[PDB]
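Dumped entry27.csv below, it's CSV, C-alpha atoms:
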chain,number,residue,atom,x,y,z
A,363,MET,CA,22.2,-39.6,-115.8
A,364,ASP,CA,19.1,-39.9,-118.0
A,365,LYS,CA,15.9,-40.4,-115.9
A,366,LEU,CA,14.2,-37.0,-115.5
A,367,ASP,CA,14.9,-35.5,-118.9
A,368,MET,CA,18.0,-33.7,-117.8
A,369,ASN,CA,18.7,-31.7,-121.0
A,370,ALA,CA,15.0,-31.3,-121.7
A,371,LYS,CA,14.2,-30.1,-118.2
A,372,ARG,CA,17.3,-28.0,-118.2
A,373,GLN,CA,16.2,-26.5,-121.5
A,374,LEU,CA,12.9,-25.4,-120.1
A,375,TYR,CA,14.3,-24.2,-116.9
A,376,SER,CA,17.1,-22.4,-118.8
A,377,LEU,CA,14.7,-20.9,-121.3
A,378,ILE,CA,11.5,-20.2,-119.2
A,379,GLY,CA,12.1,-21.4,-115.7
A,380,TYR,CA,13.1,-18.2,-113.9
A,381,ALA,CA,11.5,-18.7,-110.5
A,382,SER,CA,7.8,-18.2,-110.2
A,383,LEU,CA,7.4,-20.9,-112.8
A,384,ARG,CA,8.3,-23.9,-110.7
A,385,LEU,CA,8.9,-26.3,-113.6
A,386,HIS,CA,7.7,-29.7,-112.3
A,387,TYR,CA,6.7,-32.9,-113.9
A,388,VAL,CA,3.8,-35.1,-112.7
A,389,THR,CA,3.5,-38.6,-114.1
A,390,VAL,CA,0.0,-40.2,-114.2
A,391,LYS,CA,0.8,-43.3,-116.3
A,392,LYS,CA,1.1,-46.0,-113.6
A,393,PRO,CA,1.7,-48.9,-116.1
A,394,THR,CA,-0.8,-51.7,-115.4
A,395,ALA,CA,-3.8,-52.5,-117.6
A,396,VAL,CA,-5.5,-49.3,-118.5
A,397,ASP,CA,-2.2,-47.4,-118.8
A,398,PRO,CA,-0.5,-48.3,-122.2
A,399,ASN,CA,2.6,-46.1,-121.7
A,400,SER,CA,4.3,-43.5,-119.6
A,401,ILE,CA,2.4,-40.2,-119.8
A,402,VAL,CA,3.8,-37.1,-118.0
A,403,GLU,CA,2.5,-33.6,-117.8
A,404,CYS,CA,4.9,-30.7,-117.1
A,405,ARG,CA,3.1,-28.3,-114.7
A,406,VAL,CA,4.3,-24.9,-113.6
A,407,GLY,CA,4.3,-23.4,-110.1
A,408,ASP,CA,1.0,-21.7,-110.6
A,409,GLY,CA,-1.1,-24.6,-112.1
A,410,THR,CA,-0.9,-24.9,-115.8
A,411,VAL,CA,0.6,-27.8,-117.9
A,412,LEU,CA,3.1,-26.2,-120.3
A,413,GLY,CA,4.4,-29.5,-121.6
A,414,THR,CA,2.5,-32.8,-122.1
A,415,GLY,CA,4.1,-35.8,-123.6
A,416,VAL,CA,4.0,-39.6,-123.4
A,417,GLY,CA,6.8,-42.2,-123.4
A,418,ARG,CA,8.0,-45.7,-122.5
A,419,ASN,CA,9.2,-44.7,-119.1
A,420,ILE,CA,9.7,-41.7,-116.7
A,421,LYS,CA,12.9,-41.0,-118.7
A,422,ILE,CA,11.3,-41.0,-122.1
A,423,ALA,CA,8.0,-39.5,-121.2
A,424,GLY,CA,9.8,-36.8,-119.3
A,425,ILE,CA,11.9,-35.9,-122.4
A,426,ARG,CA,8.7,-35.9,-124.5
A,427,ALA,CA,6.8,-33.7,-122.2
A,428,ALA,CA,9.6,-31.1,-122.0
A,429,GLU,CA,10.1,-31.4,-125.7
A,430,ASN,CA,6.4,-30.7,-126.2
A,431,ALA,CA,6.8,-27.5,-124.1
A,432,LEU,CA,9.9,-26.5,-126.2
A,433,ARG,CA,7.9,-26.9,-129.4
A,434,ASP,CA,5.7,-23.9,-128.5
A,435,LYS,CA,8.0,-21.3,-130.0
A,436,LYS,CA,5.4,-18.6,-129.1
A,437,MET,CA,5.1,-19.7,-125.5
A,438,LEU,CA,8.8,-20.2,-125.3
A,439,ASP,CA,9.5,-16.7,-126.7
A,440,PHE,CA,7.2,-15.1,-124.1
A,441,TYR,CA,9.1,-16.8,-121.3
A,442,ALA,CA,12.5,-16.7,-123.0
A,443,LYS,CA,12.0,-12.9,-123.1
A,444,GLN,CA,11.4,-13.0,-119.3
A,445,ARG,CA,13.6,-15.7,-118.0
A,446,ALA,CA,16.5,-14.6,-120.2
A,447,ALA,CA,15.6,-11.0,-119.7
A,448,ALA,CA,15.2,-11.4,-115.9
A,449,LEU,CA,18.7,-12.7,-115.4
A,450,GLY,CA,20.6,-11.5,-118.4
Structure re-expressed in structure tokens:
Amino acid sequence: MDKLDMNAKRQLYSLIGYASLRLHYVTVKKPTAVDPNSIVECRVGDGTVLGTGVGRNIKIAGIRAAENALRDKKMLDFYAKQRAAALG
């Protein structure tokens, strides 16, 4: 079900996540007092956030972060030409 941005995460992994790019999401929100919402940062296997986006919860923020990564048509094309070209 919806919780870890299935479609969004599947999109990134299906468009750029080939292997070396361990598509992972690290939430730093921790709702309390200083944290106003659910902020997540999609980090690759190496060590670079490709998708950063906030949300109401881990589900929303997760979809927002992945969506932020999908927005980069240029960055998506570079990987899309590798992930899609690496497999078929």
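When only C-alpha atoms are used to measure the gap to residue A:432, the shortest distance among A:388, A:401, A:420, A:412 belongs to A:412.
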Exercise for review: Choose the residue, out of A:366, A:442, A:396, A:449, that has the smallest atom-to-atom separation from residue A:423; count only C-alpha atoms.
Suggested key: A:366
Exercise for review: Mind giving me the straight-line distance from atom CA of residue A:444 to atom CA of residue A:383 in Å, one decimal?
Suggested key: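 Taking atom CA of residue A:444 as the start and atom CA of residue A:383 as the end point, the length is 11.0 Å.
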Check your understanding: When distances are computed from all atoms listed in the file, which of A:406, A:433, A:364, A:369 shows the smallest separation from residue A:384?
Key ->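 Closest to residue A:384, using all atoms listed in the file: A:406.
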Study note, to complete from the structure: Of A:448, A:395, A:404, A:374, the one sitting nearest residue A:424 when using only C-alpha atoms is A:404
Point to revise | Residue with smallest distance to residue A:389 - pool A:376, A:410, A:419, A:430, counting only C-alpha atoms | key: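 For residue A:389, the nearest of the given residues is A:419.
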**Study point:** Among the residues A:363, A:411, A:377, A:370, the one that comes closest to residue A:429 [using all atoms listed in the file]
**Key:**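 Checking each candidate against residue A:429, we get A:370 as the closest.
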Exercise for review: Calculate how many Å separate atom CA of residue A:365 from atom CA of residue A:407, rounding to one decimal.
Suggested key: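 Computing the Euclidean distance for atom CA of residue A:365 and atom CA of residue A:407 yields 21.4 Å.
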Exercise for review: Tell me, in Å to one decimal, how far atom CA of residue A:399 is from atom CA of residue A:385.
Suggested key: 22.3 Å
Review point. Which neighbours of residue A:371 fall inside 7 Å, counting all atoms listed in the file, when residues of the same chain fewer than 4 positions from it are skipped, and could you give them as a ChimeraX atom specification?
Key: /A:367,375,428
Could you save those same residues with C-alpha atoms as a short mmCIF file (atom, residue, chain, number, x, y, z; two decimals), keeping the file's coordinate frame?
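The new file again-v2.cif reads:
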data_model
loop_
_atom_site.label_atom_id
_atom_site.label_comp_id
_atom_site.auth_asym_id
_atom_site.auth_seq_id
_atom_site.Cartn_x
_atom_site.Cartn_y
_atom_site.Cartn_z
CA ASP A 367 14.90 -35.50 -118.90
CA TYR A 375 14.30 -24.20 -116.90
CA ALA A 428 9.60 -31.10 -122.00
#
Review point. Any idea what's packed within 9 Å of residue A:398, counting all atoms listed in the file, ignoring anything in its chain fewer than 5 positions away? Could you give it as a list in words?
Key: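 Surrounding residues, per the criterion: residues 391, 393 and 418 of chain A.
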